4 protein chains.
Amino acid sequence: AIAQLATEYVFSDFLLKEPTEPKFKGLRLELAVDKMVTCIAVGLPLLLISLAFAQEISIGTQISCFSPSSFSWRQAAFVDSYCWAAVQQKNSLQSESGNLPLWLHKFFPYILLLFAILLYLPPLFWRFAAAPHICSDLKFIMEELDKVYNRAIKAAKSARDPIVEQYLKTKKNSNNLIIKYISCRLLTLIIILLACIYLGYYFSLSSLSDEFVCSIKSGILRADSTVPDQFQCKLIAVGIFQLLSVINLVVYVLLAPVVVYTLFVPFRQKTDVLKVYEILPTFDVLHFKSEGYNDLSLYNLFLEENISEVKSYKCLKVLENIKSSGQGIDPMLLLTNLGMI
Amino acid sequence: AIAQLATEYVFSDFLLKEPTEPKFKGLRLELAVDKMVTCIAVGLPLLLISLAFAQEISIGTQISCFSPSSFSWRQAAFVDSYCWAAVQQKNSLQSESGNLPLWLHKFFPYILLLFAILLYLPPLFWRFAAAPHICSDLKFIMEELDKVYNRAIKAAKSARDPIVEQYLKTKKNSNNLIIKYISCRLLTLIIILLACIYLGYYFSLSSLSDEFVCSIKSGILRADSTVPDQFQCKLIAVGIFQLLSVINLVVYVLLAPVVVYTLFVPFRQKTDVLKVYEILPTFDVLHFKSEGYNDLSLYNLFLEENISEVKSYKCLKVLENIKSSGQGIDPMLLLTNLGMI
Amino acid sequence: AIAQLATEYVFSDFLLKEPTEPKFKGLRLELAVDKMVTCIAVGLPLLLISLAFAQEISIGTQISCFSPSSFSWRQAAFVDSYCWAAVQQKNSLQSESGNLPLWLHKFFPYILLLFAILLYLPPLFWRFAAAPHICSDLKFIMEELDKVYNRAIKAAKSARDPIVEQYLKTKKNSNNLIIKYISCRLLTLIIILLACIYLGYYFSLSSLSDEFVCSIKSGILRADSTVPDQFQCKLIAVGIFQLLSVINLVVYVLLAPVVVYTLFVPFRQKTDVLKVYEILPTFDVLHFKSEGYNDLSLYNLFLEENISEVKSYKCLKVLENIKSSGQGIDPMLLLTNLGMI
Amino acid sequence: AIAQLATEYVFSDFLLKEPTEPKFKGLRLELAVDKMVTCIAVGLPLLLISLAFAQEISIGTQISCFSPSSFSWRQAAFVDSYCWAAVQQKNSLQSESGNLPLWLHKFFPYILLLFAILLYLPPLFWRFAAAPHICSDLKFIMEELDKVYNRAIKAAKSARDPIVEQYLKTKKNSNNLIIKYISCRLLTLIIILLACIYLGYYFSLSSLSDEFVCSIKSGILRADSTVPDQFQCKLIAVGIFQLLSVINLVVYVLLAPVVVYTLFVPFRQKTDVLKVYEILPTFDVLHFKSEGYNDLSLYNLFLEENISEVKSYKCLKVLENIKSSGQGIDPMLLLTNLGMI
Ligand SMILES: CC(C)CCC[C@@H](C)[C@H]1CC[C@H]2[C@@H]3CC=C4C[C@@H](O)CC[C@]4(C)[C@H]3CC[C@]12C
Ligand SMILES: CC(C)CCC[C@@H](C)[C@H]1CC[C@H]2[C@@H]3CC=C4C[C@@H](O)CC[C@]4(C)[C@H]3CC[C@]12C
Ligand SMILES: CC(C)CCC[C@@H](C)[C@H]1CC[C@H]2[C@@H]3CC=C4C[C@@H](O)CC[C@]4(C)[C@H]3CC[C@]12C
Ligand SMILES: CC(C)CCC[C@@H](C)[C@H]1CC[C@H]2[C@@H]3CC=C4C[C@@H](O)CC[C@]4(C)[C@H]3CC[C@]12C
Ligand SMILES: CC(C)CCC[C@@H](C)[C@H]1CC[C@H]2[C@@H]3CC=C4C[C@@H](O)CC[C@]4(C)[C@H]3CC[C@]12C
């Protein structure tokens, strides 16, 4: 049913499943925009494949060939099957457009699924090659961040009564994690552009290329005179393929700019979460995180992403907002907060 | 079966699934009226698509073409398939109404599903872009609210024996959350109006536009004299489409006023929950929450929504009701309550 | 299978599913008679729809038209499909009863499902609009009730060795909850009466209205002389529809008095649970709950319903029964009970 | 459906299921590259088998034989069935290419599944023969490693206020675990090369080898003159087999170099995790793990793999990175860490 495909591929959490493992519990490891780009770019061709053969659009078989009236039911079935298998053998069939459109019309579902798989590959390589490293580092950085905030509030309360920073400075040096990231993004962009080219070509087909003339006259049927010289076959469901092909092309050409934008990782590093903790006195008062094609920018993005899960950040952010209001003071209201755990 | 679709799409919690995650446990993040508007506007076209092809309304195929009696079974099948695929190729078919109604009759399920997806998009953007921010803020505000009530009752009991307010004042300034909200609501309204226009057009079709004349005379069949010049084809299940189209149009034109009403976020801010805590002496005695196209109004709505889950509010509300009765006193009965946790 | 439908729709807890949420755990929020009225009034048309197309009653298609013997298999299929789609187009078909019975015979399942949905709507509005308010209030009232009993037994034991009442007095004033309740009940009664009228009309159809004469002579077939002027079509499964229609009408006309009886909410307030606690000295010795079209009567009904879950009520009730026996004394046996938790 | 196969065989965790047992919880026991090599090499032929008979590529039966028009429906069915069963009996059928291509065309799915099973066997032998030994040893080594780090930090803190090494030296001697490992890898490589040879042969078939002449003239039909001497049969879905055969060959010839690379187990031992603990004073300052076709190299690889799960390693690694930054000192920041458990 058309509605079941809808549920399964848009309304269900298809490819939105969190890692079924206690190792990554609430850690994202994939920027939300990357997750949605992958979800669209991969699930859309699958949904389109499923729609192209929905029982309420499909009339029946994919090919029909109009045998003579003298032919029995089984002879007509033979003609259909032979011509279907003969879209490959170029000698038997004669079409105005050529054989390549016939190939493309027969194997449209396979090509769309191939594009889905190729678009799924780079996210897989990211999830299996570079995800655990950043998961461990980000989790450790968040724990140390919490410890730093605890030290600051403990010092403030005691007055009333930077290992993580250096690790960040270290990550500022290496660029393994960023070349991996932009390589997956670049491959996604390349595959999306190749898919756009292919779909634009396919939609541009003559729309009469689904009609080809086929001849079952190889072998001993060559001498058979009860068999006409050639049959008029038509590939049903090519119009559906071309309509779905233009839909896919529209979505992919809208999606490509998003991938290109993600390609600029430093530009996206904005709304510095580190600034909030920099407001705290104990932590060094510097952003110390921007302006480079280095793993530090990646870690900044992933910190902005997974930073909402730590309650210490939440408290410090609301304190910074009150500072924007500018009514009280940071240490007094922080001691009033009482949000250590 | 018709009853299975009924269960699945009205009696099951379809699109009423709470977030399967410990991050949002009992926090709504979507106003009930918005949830029901989305549920209707999205599930209704899906239920209608499923009904239009229920096995007890569907007679069989979607098209039938009345080949000559001389035609064999397979030749008639060829005619049906060719004309079905030929509702796209405008040269072959000749209809009194035109080709656009034929296109619309073939692809009615796809268009309804497209409307379902487009109506599902704005709630998705809300759930993924702006939901976590408000979830964290609302949860923190409720925790701080409980702490304020605990301080008030502790002071009262001790006599017997405003960080959250400033955060609210801060939210009164920014308008990111409200422009996001009214943008999703406005897109929902725009898509619903476009869908109403389309369905009103479709239901207005001639009801004889499902009869078209089709001609399988391209290619080598042009010289074929055993093939009549043209066939009388009829698109079955167009009457069902038009009946379901008017049902959908009725529901959507009833739904549009609800969306417009939700568009006025300040007007909906009523029955101030903040007033109850304002009755408490320790908290500032002011509503300090109304009258603006600012994130404060949104937070007021979401507070009214998720406010029942905190037991402290429940106790203070029953105390306010007793005040409406006006028998005892607030602090004495509050100390009698003993509802700290 | 007929037995699977039986299990699913009578023997399973269909629409008897308790709220899958920790917010309402054991709280009913719907009077048992209302639950059964909704279950019947909604599930019966669905079960009837499923039965009308059970594989052991259905002979095959829904319509058959008796084409001439000269017609091929596919021409006969065209005739069936055309006439099926032509029960809408009034110009083609000529029936003795009219076109409205033909419409009604084709769309009987849809009309029954429409009635099921309309009857499901008022319980949905109750469950989503007014259920949480009463859930919170009733739960709080029960907790306070338990606290009052604990205070009474503690005072009695100490001798050996009314916030909830005022909240009840407050609820005696407002009438929002009761107008909502009687509005849902009144809409259920109105829809049930409209459904009874429709089913009584439908069962009164001529029983020969399923035979109509149909003519496939529009378009180019008008000039076709191999096509007879008109065909004798018959809508199979109309007798089944009418039999199931009278079954549904019988059940609904038996159900309407039950809805009317529920409409008198004060009359149903009986066997005062408050009287038991009134027997206790510490609580005020008054029922203080009856005789009004006010939310207090609703709360009385829901208290009588959800009152069995509190063990304190159970103990006090057995003490009251012993008082009916009149052997010992209330405080002594209450202290002997030892049922604080 | 083509999309269901996609989900099941690429997007689901097919053969990525962690051991459903509390014995191995988070221990990998299979290097990630080996896991992906097995997953590809085994799941690809299964996905290809499922695709070759997808309902949207399959026209119908696998063979059709073009009986005379005089033949009834059942006689034609007999011809199809006889020739299908007669691709084995070499006497009846006469083909230009020979009988071996006919055998190969009939049993292509079975051969692909045979390759899948043979490629699944070596990982099974590894999982059942040698996995528990290394699981127990690695887990014990990690526990002892943690104890060594705890002793070092305890000594450092006390100043402020090698059983696992010898087991490693012992493992440096035996070579049972490494000959088992390279034997499974070598069998995987051998089977992959044999499969590549077979698929390259199969794709090189004449593409007209699917047309064979078949004769139902054994037994009493020999004297039957109503039966023609021979029939023209065609094996449909051979073009699909050859296309999928070249896809499989491409993937396997890309996969073989990966297996060969895994075959060099010492070369892969890189980024010594032991070096980090060697930086600690209490542990012996030596890698003492490299350069041999001995079980020590295997244990090094598996240690690098399962080493992220121990938090002690994480702390020591970030300390080593800070040493790379060279700001503070190892013992002071280690005592500051406070990551014993
Ligand atoms: C990502 C964006 C740029 C994609 C836009 C679609 C492009 C790639 C499409 C749309 C129209 C297409 C062209 C239409 C017709 C022809 C003529 C043919 O003999 C060769 C291919 C060629 C030249 C196509 C190449 C691809 C094409 C240019
Ligand atoms: C949301 C509300 C306003 C929707 C009401 C339905 C409207 C949009 C429908 C109902 C009748 C429809 C009209 C019926 C007939 C025609 C004539 C045709 O040649 C052009 C379209 C046009 C002019 C339609 C436009 C859309 C229409 C006006
Ligand atoms: C979803 C949105 C786009 C729907 C908008 C309404 C669509 C479905 C309908 C409503 C009225 C329709 C128009 C009515 C009449 C004509 C004149 C004709 O000579 C060309 C098509 C054209 C111009 C139609 C195009 C499609 C149209 C605009
Ligand atoms: C709830 C109770 C009262 C329902 C009882 C069934 C009633 C509503 C049924 C039973 C018989 C029915 C009548 C039978 C025949 C006709 C004649 C027709 O030309 C108009 C409708 C009319 C007049 C029907 C109206 C509805 C009807 C009166
Ligand atoms: C792993 C790599 C090397 C695989 C490459 C494919 C190889 C094995 C394939 C491709 C072409 C194939 C050849 C094509 C044609 C013939 C002629 C035939 O009479 C005997 C087999 C023989 C000689 C095939 C042997 C296998 C072959 C050489």
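Count begins at 1; order follows the chain as displayed.
So this one's electron microscopy, 2.8 Å, going by the header.
Here the Cβ of each residue, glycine as well, is placed from N, Cα and C on the backbone.
The disulfide entry in Swiss-Prot for A:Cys83 points, among A:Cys196, A:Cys214, to A:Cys214. Of A:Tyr167, A:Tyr293, the one with phosphotyrosine in Swiss-Prot is A:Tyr167, while the others lack that note in the record, though it may still apply to them. The record in Swiss-Prot pairs A:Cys233 in a disulfide bond with A:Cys65, which is drawn from A:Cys39, A:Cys65. Fewest Cβ neighbours within 10 Å among the recorded positions A:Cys39, A:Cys65, A:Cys214: that distinction goes to A:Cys39.
Proximity to chain D, defined as a CB-CB distance below 8 A, holds for A:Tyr167 out of the recorded positions A:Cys39, A:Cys65, A:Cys83, A:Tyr167. Within the set of recorded positions A:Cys83, A:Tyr167, A:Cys233, the entry lying nearest in space to A:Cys39 (S-nitrosocysteine) is A:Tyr167 (CA atoms). Cα-Cα distance from A:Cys315 (S-nitrosocysteine) to A:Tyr167 (phosphotyrosine): 24 Å (rounded to the nearest whole number). Ligand 2 lies under 6 Å from the Cβ of none of the recorded positions A:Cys65, A:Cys83, A:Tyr167, A:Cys233.
DSSP classifies A:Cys315 (S-nitrosocysteine) as helix under the three-state reduction. Counting only same-chain residues six or more apart in sequence, the Cβ atoms lying under 8 angstroms from the Cβ of A:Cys233 (disulfide bond) belong to A:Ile63, A:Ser64, A:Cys65, A:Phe66, A:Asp80, A:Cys83, A:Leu93, A:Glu211, A:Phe212, A:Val213, A:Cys214. Residues from the set of recorded positions A:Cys39, A:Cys65, A:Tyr167, A:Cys233 situated with their C-beta under 8 Å of a chain B C-beta: A:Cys65. Break the topological domain 'Extracellular' (A:61-105) down by DSSP state and the numbers are 20 helix, 3 strand, 22 coil. Most buried of the recorded positions A:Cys83, A:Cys315, judged by other Cβ atoms within 10 Å, is A:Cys83. Residues 111, 202, 205-206, 208-218, 226, 228, 230-238, 241 of the same chain, all 6+ positions outside the topological domain 'Extracellular' (A:61-105), place their C-beta atoms under 8 angstroms from a C-beta of that stretch.
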